[PDB]
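Note that the chains take the letters A, B, C, D, E, F, G, H, I and J in the order they are written out, and that residue 1 is the start of every chain.
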Amino acid sequence: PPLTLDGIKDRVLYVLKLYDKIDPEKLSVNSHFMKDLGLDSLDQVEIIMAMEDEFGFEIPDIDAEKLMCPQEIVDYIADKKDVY
Amino acid sequence: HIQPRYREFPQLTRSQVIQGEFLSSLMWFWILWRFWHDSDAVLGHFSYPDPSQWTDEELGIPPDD
Amino acid sequence: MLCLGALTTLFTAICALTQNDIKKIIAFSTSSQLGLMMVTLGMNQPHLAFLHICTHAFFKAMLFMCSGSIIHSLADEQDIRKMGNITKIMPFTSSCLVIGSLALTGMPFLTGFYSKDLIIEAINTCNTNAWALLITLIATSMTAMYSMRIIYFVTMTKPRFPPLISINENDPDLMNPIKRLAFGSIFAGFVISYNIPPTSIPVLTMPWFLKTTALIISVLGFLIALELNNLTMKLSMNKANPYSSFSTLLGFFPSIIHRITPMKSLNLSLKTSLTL
Amino acid sequence: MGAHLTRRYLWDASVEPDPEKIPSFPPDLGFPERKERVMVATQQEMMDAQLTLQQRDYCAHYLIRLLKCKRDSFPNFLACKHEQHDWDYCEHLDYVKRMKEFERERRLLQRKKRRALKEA
Amino acid sequence: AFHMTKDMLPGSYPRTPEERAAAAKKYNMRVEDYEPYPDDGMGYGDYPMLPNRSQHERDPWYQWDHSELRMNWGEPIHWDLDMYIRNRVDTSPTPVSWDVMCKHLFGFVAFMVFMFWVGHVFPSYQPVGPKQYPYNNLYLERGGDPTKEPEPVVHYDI
Amino acid sequence: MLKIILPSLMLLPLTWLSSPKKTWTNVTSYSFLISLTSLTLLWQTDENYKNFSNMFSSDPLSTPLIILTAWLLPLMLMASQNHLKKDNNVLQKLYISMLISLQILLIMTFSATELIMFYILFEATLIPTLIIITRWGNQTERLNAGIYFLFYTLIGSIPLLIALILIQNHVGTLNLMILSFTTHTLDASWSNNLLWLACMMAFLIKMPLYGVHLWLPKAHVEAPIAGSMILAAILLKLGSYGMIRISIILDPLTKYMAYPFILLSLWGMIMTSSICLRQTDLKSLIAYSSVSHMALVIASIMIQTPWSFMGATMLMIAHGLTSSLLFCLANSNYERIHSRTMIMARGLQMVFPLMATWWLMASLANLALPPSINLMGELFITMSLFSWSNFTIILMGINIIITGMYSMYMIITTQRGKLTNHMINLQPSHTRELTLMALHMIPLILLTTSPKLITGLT
Amino acid sequence: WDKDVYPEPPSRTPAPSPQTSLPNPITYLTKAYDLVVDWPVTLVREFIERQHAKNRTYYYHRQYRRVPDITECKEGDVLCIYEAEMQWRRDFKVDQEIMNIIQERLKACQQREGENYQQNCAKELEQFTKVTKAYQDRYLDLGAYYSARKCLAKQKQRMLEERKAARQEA
Amino acid sequence: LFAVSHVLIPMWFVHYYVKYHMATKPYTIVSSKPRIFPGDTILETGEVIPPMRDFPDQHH
Amino acid sequence: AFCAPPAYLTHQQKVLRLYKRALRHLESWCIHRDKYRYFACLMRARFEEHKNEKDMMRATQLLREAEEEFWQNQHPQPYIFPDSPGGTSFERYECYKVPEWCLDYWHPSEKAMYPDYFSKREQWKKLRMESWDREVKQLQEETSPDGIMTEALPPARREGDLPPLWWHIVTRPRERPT
Amino acid sequence: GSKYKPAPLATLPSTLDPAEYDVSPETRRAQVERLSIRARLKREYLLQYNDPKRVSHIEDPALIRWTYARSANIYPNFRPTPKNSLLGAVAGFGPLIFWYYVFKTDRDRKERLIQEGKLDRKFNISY
């Protein structure tokens, strides 16, 4: 199947709900990883990497030093695989 | 057509399992059938002679001197 | 050619042991088997060399389309590292893969066995380079090893594929041909060997160690490889670099002879022959 | 890959025979009388059965039989089985013939060495 | 020559320092990075001596105007970009040092070649005497002359 | 042979008298038929060559060419209808006539019995060519290119003029028929060793040898497509035709006076082939491809073994057709791209699907793919060269590997890879462009079916 | 085709001697080929040849009669020598298709006698040297400008040798 | 069935070509011998190949 | 690929981009998962310590010895994803990404079918020409007051204006043309 | 403890490059500047390629300066030195003289053997 946004949206949400540091009952799209979820920059490297392994592609470094809202990840992933 | 599954063991169709066990089982029936009917995988069926038991008469080893 | 066939057999086989691309491992095996084919031509045994060509075609074709099935079914993952437990997720290809793997390793009474051990014992019985004779036999154990590498990593391991799973091999166009070749891989050696004209006057008389050498070396080849794969699961020695590299980046023939020759051959045209 | 190589390469030498020139002592180094080998097939029979030169061994005669029963019995390629055993056997009996000749040449050369020390 | 003045095209080796800084403009470079190719009169002229690194290690993610040459529009092209293109020579760092590579590869080659020689010296041959062919080693059938009979080569039992 | 010629002359009246709008079709349609009359010469049911009349003859070596010379005029006039369609209606009728005179002159030169008739017509072909290159040449440097094309040929030409007048006094007639059936055996003096060089050098110059080939890269670069087709397909081969008919005399010296050229050509073949490997201008690469594949020919017209000559005749006709095909498609890219650079314009198959098939077949003709006359040709020259000295395979063996590399590189960096982002959008292919190609390759496919016709005199 | 210019040996075929109950998969097929492939074609072909035989026409061989050769021919007389270089360039080909036939007759004799080619096929290889040693002795050194004057010299350079060597032996 | 179409129609032609050009021309389709064995009859001439000798080695 | 390259790299982005190469080159050595997830939380430890070093000099001396430890302890064949550089499927489906300015030379017959497609295409081309002026002016009115210019381009900043130099980030050939 | 050792090929990676790690303020100033040249050139390609109403060929003059430098700015910058004429004669006449003594010696060996009667020339009926 092709990736509908409202799905990709749930998938990125889901994985985070499995990261122990990020509360499972607060992670809310638009909850910036660092200033809200309060995750270390070192973490964000990993959070992205999980996503790169959930969706099977590489978020380039420069474009991934900024995937901090838990939503930017949901449109960037979608914009990458051309999901309208 | 099948349905995508997320973090679960993909459901399998009757045919997928039966055909797979079919091809493998015939492989084993053939290996067993031939082994029984033709076990020349080991020993061939001709035994190596011990080259060191040939009476000196057999080879023409003259009596020394 | 007996000599160079022999060097390619092991050189290619050793490279295959550490390659982590499924298609790449099969391709190296294509070269290693032809290295054995080159060896028989080098030992002036033309008819049996042709016999391996036919048997080689059935099983290698199977393994590559088997991986075609795995690569297409997964999200185009061509790396053994992210592919696992295909045996339960896709028994049809896994069954075809092991049938092909055992044929590649010369399992007794399968198409490889009818032609391959004739070639092995031919070596063990002819007058030949000692270095060629030893490398060809360990090359045979290596064929079992990398064969073991593929099924352990690709089939018998916890799955490591991306989380969404969408696998379908039901399409008749996948099964049918894979099914048809599998029938050939199982019965072709039986049919071709009996039907062909008597040729080459083989030597069936051997000390038993040499008569059964192909069988045993293949068996311990897998045995040793299975031992090494188990060592991996443990939590220890993350990195292992015992000349692993020479093996993993193709013996370094690609890294060095592909950067120097194309560089020194073009520099001379532009800089020297053209402009000067 | 036998122990014969060890004996020759490693350790001793001038005893283990040389692969080439195996037939090196007179056909009768103490062999009283030995009838030359016998070839059952006529030089022509072979030429009419188109046997590959190499396959024209002293077993050429059992081969022609196999080939006969393989053309006849055509649709059935699994039934000329006794004929193959025979050929093979004939091939073994000469495989061992060759084995015996090599061992005889080995021993005879040893005779020479043993006789050598009788010398002085 | 649509829109190209000689002074917008290359010229002679920049002798005085003002000329070295004028050329650096032409080539859209920084005046302290223009390092003219050595003046040995082999033609290079004022063409910048850009680092000899292949397009292979140019960041593979950035949106290079010319995607496949991994070169932007305006950036000085390398003299040998006909060789360092992605389809040809590579100069991309390797996990193993180059020397280590050259020595190891050739060592392997040599050891092998040598061992093969140790082999030819000490071959492997079973305890079997020579094969015996009938007639006179098939003299006539090996195509021998029918008229001239050969010295009989006889083979005896046992 | 005055039907292949008189009807040709009459083309000139038709290009001039005809309507400005209808001038192109009258000329192209009529010379297609002029080629059909040319095909009659191929009817040789006997060894005796065809001496049409005192001055005009056609033997196996000339006949395969006269037909090619007549064939390309149609094509040349079809490849230059685009550029040259921006002219004033009297510049066109001049270009069309110039192209017409080239084959009138070239048809006669290839069909000439008297060797000096060859010289007068031989060196006349420069007038029409220099006008085509200099007057309509796009680049600033064609004035220079024209000078190079006139002087290299001219300085070679006056020695041949002295040599041929010299043999006429020594033998008494420059008639190729008689000169052949008469005893002209040079005497290996120091002077004769010069005569031989005088006769061969003018032919060796327009057949680019490694030493004097700089004229051809410069000339084809700025020459218009029709001039580049003529230079590669018919003009360079004028030098080969001359070497075949002139070495009938000077029979003894070439046994030992050829080594210099043979080595110049075979080493030249390697270096010319190699510089093709990194040359940014596509027309530049095809031109050096032409030098190398013509360096093989001067090394077969000098070894002088039946097969060489046969290989030469096969390759010359074949490479002529292939080179034009390459020069013609290079032009189609040049007109939409507007630059000769090879690096730009990458990925065309993505946008011009068929032209790419023509590009692929042209490259496979360029390299030696086997069911092609191109390979038969090289296979034969290769054989004889091997006979001359078994070592020759090494040098004729580095050329084959290099020839494969540059031929495919032209396909790989021009017709594959990612598309160029946004050059001036590339308008689709005209049917003329594609036919001009089809007209080149369909004959290459047909000739390969029956190679006997272009087999040479030997 | 002349059985004598392109010979062909008589055929000896072992007779059918089946020793198996199973049915030969070849004999059945042929029985079909002969009906669904041969009969249909056979019918058409005949109908071809009767269409031919109605207006049967003929074509002859163009016998070229002999004519004075070089050794009979005046020096410088371009007329006679022209007629005589053709008579040779003509026999340069007739003497070349002969060699084409021995190239061919042999090729067949090594496909028809495999594994015996070493022996059975030595009737022709003896001839392939009896014909090659001759072709080498009249037409080989010559350039691509092969002419009868040069064969006249290639020979006559050696007729000295069959006269200097002979005299030498004395 | 259409299968017959491009298997039968091509076939007739080929046969037309192989049995009426090749066969007719000299040395265009040449074979090897039939591998006659001792004791098997030659159809064309009528001869019966003489049998081999009675080797009694056995001992299998 | 989307955002523009920064001129120089900071200390952080160099450290935090090793945490990626490192952990990702540790999952080639640790082919399994439990072994990996183990051997990796041990990696973070290495980066976790020496996190608060305030002594830059030191920090750039731990980094310089980290990237040499790594270079000599890297895997020759790491796991690089498909669609990523070097590994397969990278430029696979680029043969089928035609550049969209090519539908402008289609024969009126071809474009005859596919009718509504070109009705929407002509709308978008009107959008593109309708703003080039307001765009370039924006690009300029907002130009740098210094020679310091980064490849970053401005957003819209006004209604109706289309965020600039946009015709080729939008209207990009689709990734998988298939 | 093997240290990577860049060779003209297999060059020193970005990391493991001492220069990169430590850089003076001036160096940063450079880099911060070089981007400017590139950004400038980038914003001179990106609003001329993305320009509606354009049919003319974007030229990429940096490529035109390259070809001119490589095929039409060579001989105007030629000065015959040593290391250029010695090396400009070894390349043109060196092998050309090498192969002559390779082909003469072979052709002479062949001729002698043919003259003396040893070369077999068997079944060779072609040339």
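As a convention for this text, a contact is a pair of C-beta atoms (placed from the backbone, for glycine too) under 8 Å apart; a residue touches a chain by one contact, two chains touch by 3 or more.
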item	value
Chain H and chain C - chains in contact with each	D
Centrality ranking, top chain (CA atoms only)	E
Dominant interface by contact count, named by its two chains	E-J
Chain centre separation in whole Å, for chain J relative to chain I (CA means)	32
For chain A paired with chain G, centre-to-centre distance based on mean C-alpha positions, whole Å	83
Centroid spacing, where centroids are CA-atom means, of chain A and chain J in whole angstrom	47
Centroid distance [mean C-alpha coordinates] between chain H and chain A, Å	74
Per-residue overlap in chain B, given as positions that touch at least 2 other chains	4, 45-46, 51, 58-60
Chain H: positions in contact with at least two other chains	32-33, 35-37, 40, 49
Set of chain G residues in contact with two or more other chains	14, 17, 114, 116, 118-119
Touching chain combinations (by label order)	A-C, A-E, A-I, B-C, B-D, B-E, C-D, C-E, C-F, C-I, C-J, D-E, D-G, D-H, E-F, E-G, E-I, E-J, F-G, F-I, F-J, G-H, G-J, I-J
Interfacial residue positions of chain J with respect to chain F in the complex	49, 55-58, 60, 63, 66-67, 70-71, 95-96, 99-100, 102-104, 106-107, 110, 126-127
Touching residues (chain side chain D, partner chain E) in the complex	1-2, 4-5, 9, 19-20, 22-23, 27, 31, 34-37, 39, 43, 47, 53, 56-58, 60, 94-95, 97-106
Chain E residues touching chain C - in the complex, by the definition given at the top	42-43, 80, 82-83, 88-91, 94-96, 98, 101-102, 104-105, 108, 112, 115-116, 118-120, 122-126
Of chain I, residues touching chain C in the complex	26-35, 38-39, 73, 75-77, 79, 82, 87-89
Contact set on chain D toward chain G in their complex	47, 50-53, 69, 71-76, 79
